[PDB]
Structure formats: C-alpha cells, structure tokens
C-alpha cells in the first residue's frame, strides 16, 4: 500500500514529476530537498513499483490542427466477442485517444480528436458506425476547455 511504501517526500516527487516530467535527476533533487543519489533511488522504486507508468510529451491539439475534440457515447451489439472486437479496433484508431466502459445509459465513452467536422463524419460513418459490433453512437463536442490536467491528486496518501 502507498502509506507503507510512499512517505512524504516521495509524494512530493510524484507531484513535481507529474507537472515537469522532463527534469533531470539533479533538477528534481533541487526540487525536493534531496541528494542526487537517494532521489534517483526513490524515483527508481516508483518506476519499478508501477506508480509512474509513462513519461509523455503533451501537445496542443489546436497547434497541430486538431480543432474538434469529440466525446462519443457508443453501444455495442450482442455478438460473440463484440466487446473484444470493438476493443481491439478502438486501440488501432489513432484519432481515438481514450475509451472506457461506463456505467449508465451508455456502454462506452470514447474521447477522440479531429481536424474539422468533415474529418469527423468520415470516421463516424466509415469507421465507427460501419464496425459490426457498434450498434449506435452519440457524438458530443467540446465548446470550451474549462480545465485539463493529467495530474492526479495525491494528498489522500498523506
């Protein structure tokens, strides 16, 4: 468990790395009041313990022409492995960044990104709705990004 593996300073480590993910061990060492050796040791425990799963470069969709962030609610037909064949193909679609099996009226909620609405129609008509397992889709689109952080809260571990 994290209270019997992650002490106060490790939590600050993940807090800083979550936000400035490309620091060097020494930059981080300066950031958490620690000698470069044990700091490195700690950041290695966390990476091997599964806590830090990935370091990534986050981009601006608008800058790379992606104007239309769509949240699509999908329902899967009662077929053999409709679930798994949908799941298999959703991982192959680069435009679809995330997919989740949700509670409620919808079975699946997908988070996608596209350039313009024409782009989106060809994907919805020719890929999503054309897929044997996909029974019905409902697409909504983002009008304003009020908030967007990859950072999880860690004060519950304290």
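Residue numbers count along the first chain shown, from 1.
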Checklist outcome for this item: Per the PDB entry, mean CA B-factor is higher for 3-11 or 148-156, namely for 3-11
Checklist outcome for this item: When mean C-alpha B-factors in the record are compared for 42-50 and 95-103, the larger belongs to 42-50
Checklist entry - Quick one: which of 69, 29, 63, 118 has the biggest Cα B-factor according to the entry? => result 29
Checklist entry - For residue 34, does the deposited CA B-factor place it in the lowest, middle or highest third of the chain? => result highest
Next on the checklist: Ranking every modelled residue in this chain by its Cα temperature factor as given in the entry, which third contains residue 76?
Outcome noted: middle
Item to check | Assigned third (lowest, middle, highest) for the C-alpha B factor of residue 134 | outcome: middle
Checklist entry - residue 142's Cα B-factor: lowest, middle or highest third of the chain? => result lowest
